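Engineer: Take this structure first; my questions come after.
Number of protein chains: 2
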Amino acid sequence: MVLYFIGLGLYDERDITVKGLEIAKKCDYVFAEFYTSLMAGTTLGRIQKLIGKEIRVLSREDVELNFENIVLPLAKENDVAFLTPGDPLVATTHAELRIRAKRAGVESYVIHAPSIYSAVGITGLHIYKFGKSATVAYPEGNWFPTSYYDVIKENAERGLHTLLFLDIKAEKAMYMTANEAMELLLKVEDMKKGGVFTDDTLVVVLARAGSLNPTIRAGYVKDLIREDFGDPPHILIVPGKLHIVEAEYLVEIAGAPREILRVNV
Amino acid sequence: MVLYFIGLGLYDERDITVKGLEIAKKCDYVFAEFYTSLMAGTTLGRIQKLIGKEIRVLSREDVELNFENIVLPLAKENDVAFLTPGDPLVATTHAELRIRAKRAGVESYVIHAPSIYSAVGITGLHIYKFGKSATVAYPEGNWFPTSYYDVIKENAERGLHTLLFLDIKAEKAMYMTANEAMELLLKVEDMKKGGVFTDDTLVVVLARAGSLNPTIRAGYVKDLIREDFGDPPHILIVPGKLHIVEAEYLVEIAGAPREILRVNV
Ligand SMILES: Nc1ncnc2c1ncn2[C@@H]1O[C@H](CSCC[C@H](N)C(=O)O)[C@@H](O)[C@H]1O
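Quick mapping for you: the protein sequence lines, in order, are chains B and A. All residue numbers for the first sequence refer to PDB author numbering, where the first residue is 1 and numbers rise by one. All residue numbers for the second sequence refer to PDB author numbering, where the first residue is 1 and numbers rise by one.
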């Protein structure tokens, strides 16, 4: 009669909370989805070994089209867990799954875990200064989406930071790198000429948040566009004007050039 | 010979990540602060029991003025952990403590935990639609903070949601309720008269996120301003223009007036 939405956290199998682990261990059935994102620092086998339960993976179609006939039926007479990378319901489509549960007469509870949304606090950028977020999508065929560029423009003009999620082909385990994202933004800039993203733009790259050894780098596009930030996943941030404390953290912790203390504050 | 900043999560001792627990258990010294937020579902005793170590609680003064005299000295010859509610670097100034660690020759690591900043996803509002955040602070003497009002205005004009952290005076055991925040906002409205926050404004309240049964309520200020949302901590959200699915969730899960389903596109 109960369905638990449980977050797996940021990077590996230990990023789930103690609460989520203990609840998952007591569930009769455990499902999981790895299409909204992946857990790059672990494997399905390691997660399964930690929880001590067989884990049934669901595709985007299984969930979006058949959640009510795959998961809910079992939840009607058993304790069922639905694991998701990060924090449950951060992904935009997951919230409605609670409505499906309600419709089916199934109780649902959410067990939170760290999300990249809050983990960006490790960049030293003040969380309250982040504005609207966006996702950088790979262009394809005759389609060249650029809404993420407009998001940066609108945030930056108001002195806010912009968190940019990078494209991912979960099923193929293919990640867009911060380097590719910078190249794309420069390309969009050459097209719109809004003066939003250039070689002189200060950016921050956060790779493998959640790991004990994440890569945190800050600097100008001209210098970082060909830098190796390590293995995925990568997150790109275009900060707005910086509070001196933010700049000092970027210099001392993220290796940013001293120049940001006079140019970006 | 290391310093760990470890988050404890949203509500109780089990909101810590498995990673954070296993590391904290092996540290030589464990310090913590409980003034940046309120963990309403646990006690120092229960946390100490889970980690199996004595926890030295520090005051805001101990940290801000003497972190390098109380904590860092030990981290030079031992493994030390500094625990905090939620995520250690979200809506705190703890990021700067990493600079103090460096300058003192101490390597530091960050272990994330569930944060209210991303937990608001449970309200059904799209996380990417949240704009700049703000804090509603208690007026003191002749000083009456009002900056949070302008934040709501700025976000709303862009169709973005506004997350409002509520004030906390840990030493006085005072935790601002969503009710007190709404009252303060109505007073600022009468002053600036910008039509930003009125009795007809739709708001969302999330209380005790992290618990299994948090209070999630949506409705007009005139109806919610005197409603009992249970014990603290509370967070207040002022949504911007709603997507249909957001409205459906607010109605189905947060008990909002069904009239909001009729979005004015
Ligand atoms: N479990 C919870 N439920 C509702 N609001 C919460 C909360 N935890 C924190 N808050 C909100 O955030 C304020 C403290 S701000 C510090 C936040 C913390 N670092 C984190 O990551 O969550 C509180 O006064 C309250 O308004």
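Every residue gets a Cβ at the ideal spot worked out from N, C-alpha and C, and that includes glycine.
Just the Cα atoms here: how many angstroms apart are residue 122/A and residue 88/B?
Structural biologist: 8 Å
Engineer: Could you check where the alpha helix (DSSP H) with residue 47/B kicks off and where it finishes?
Structural biologist: 44 to 51
Engineer: Please report how far the alpha carbon of residue 159/A lies from the alpha carbon of residue 113/B, in whole angstroms.
Structural biologist: Cα to Cα, the separation comes out at about 28 Å.
Engineer: Could you name the residues of chain B that residue 91/A contacts, counting a contact when the two beta carbons are closer than 9 Å?
Structural biologist: 121, 126, 127 and 128
Engineer: DSSP on residue 190/B, reduced to helix/strand/coil?
Structural biologist: DSSP places residue 190/B in helix when its eight states are reduced to three.
Engineer: What do you reckon, are the CB atoms on residue 55/B and residue 32/B nearer than 7 Å?
Structural biologist: The answer is yes: Cβ separation under 7 Å.
Engineer: Give a yes or no on whether 7 Å exceeds the smallest Cβ distance from residue 145/A to chain B.
Structural biologist: no
Engineer: Whose Cβ in chain A lies nearer than 9 Å to the Cβ of residue 268/B?
Structural biologist: Outside the shown range of chain B, which is 1 to 265, sits residue 268/B, and nothing can be said about it.
Engineer: Would the beta-carbon of residue 209/A be found less than 6 Å away from any heavy atom of ligand 1?
Structural biologist: yes
Engineer: Hey, how far is the Cα of residue 11/B from the Cα of residue 244/A?
Structural biologist: If you draw a straight line from the Cα of residue 11/B to the Cα of residue 244/A, it is about 32 Å long.
Engineer: Within 10 angstroms of the Cβ of residue 205/B, are there 16 or more other Cβ atoms? Answer buried if so, exposed if not.
Structural biologist: buried
Engineer: Residues of chain A with CB under 7 Å from residue 131/B, in chain order?
Structural biologist: 131 and 132
Engineer: Report yes if the C-beta of residue 119/B is less than 6 Å from at least one heavy atom of ligand 1; otherwise report no.
Structural biologist: no
Engineer: Assign residue 84/B to one of three DSSP states: helix, strand, or coil.
Structural biologist: strand
Engineer: Between which two residues does the alpha helix (DSSP H) containing residue 67/A stretch?
Structural biologist: 60 to 70
Engineer: Taking the alpha-carbon of residue 189/A as reference, which of 29/A, 261/A, 253/A and 144/A has the nearest alpha-carbon?
Structural biologist: 144/A
Engineer: Cβ of residue 102/A less than 7 Å from any chain B Cβ?
Structural biologist: yes
Engineer: According to DSSP, simplified to helix, strand and coil, what is residue 184/B?
Structural biologist: helix
Engineer: Should residue 57/A be labelled buried (16 or more other beta-carbon atoms within 10 Å of its own) or exposed?
Structural biologist: Residue 57/A comes out exposed.
Engineer: Any heavy atom of ligand 2 closer than 6 Å to the CB of residue 88/B?
Structural biologist: What this structure holds is ligand 1, not ligand 2.
Engineer: Can you list, in chain order, the residues of its chain with a C-beta nearer than 8 Å to that of residue 91/B? Leave out the 5 residues immediately preceding and following it.
Structural biologist: 36, 37 and 84
Engineer: Looking only at its chain, what residues have a beta carbon closer than 6 Å to the beta carbon of residue 232/B, apart from the 5 residues adjacent to it on each side?
Structural biologist: Cβ within range, chain order: 40 and 175.
Engineer: Chain B partners of residue 37/A, CB-CB under 8 Å?
Structural biologist: Correct list: empty, because the minimum Cβ distance to chain B is about 13 Å.
Engineer: Check the DSSP bridge columns for residue 174/B and list the partner residues they point to.
Structural biologist: 169/B
Engineer: Could you tell me the distance, in whole angstroms, from the CA atom of residue 202/A to the CA atom of residue 230/B?
Structural biologist: 44 Å
Engineer: Along the chain, where does the beta strand (DSSP E) that runs through residue 276/B open and close?
Structural biologist: There is no way to answer for residue 276/B, as the model of chain B reaches only from 1 to 265.
Engineer: Could you tell me how far apart the beta carbons of residue 134/B and residue 151/B are, in whole angstroms, since I believe they sit closer than 8 Å?
Structural biologist: 4 Å
Engineer: Answer yes or no: does any C-beta atom of chain A fall closer than 7 Å to that of residue 212/B?
Structural biologist: yes
Engineer: Check distances from the C-beta atoms of the stretch 226 to 245 of chain B to those of chain A and list, in chain order, the residues that come in under 9 Å.
Structural biologist: 245
Engineer: Could you check whether residue 118/A and residue 4/B sit closer than 7 Å to each other, using their CB atoms as the reference points?
Structural biologist: no
Engineer: What is the residue span of the beta strand (DSSP E) that residue 32/B lies within?
Structural biologist: 29 to 33
Engineer: Is there a C-beta anywhere in chain B that falls below 7 Å from the one on residue 201/A?
Structural biologist: no
Engineer: Check whether the Cβ of residue 177/A sits closer than 6 Å to any heavy atom of ligand 1, and report yes or no.
Structural biologist: If you check the C-beta of residue 177/A against ligand 1, you find no heavy atom less than 6 Å away.
Engineer: Using a beta-carbon distance below 7 Å, is residue 17/A in contact with chain B?
Structural biologist: With 7 Å as the cut-off, residue 17/A counts as an interface residue toward chain B.
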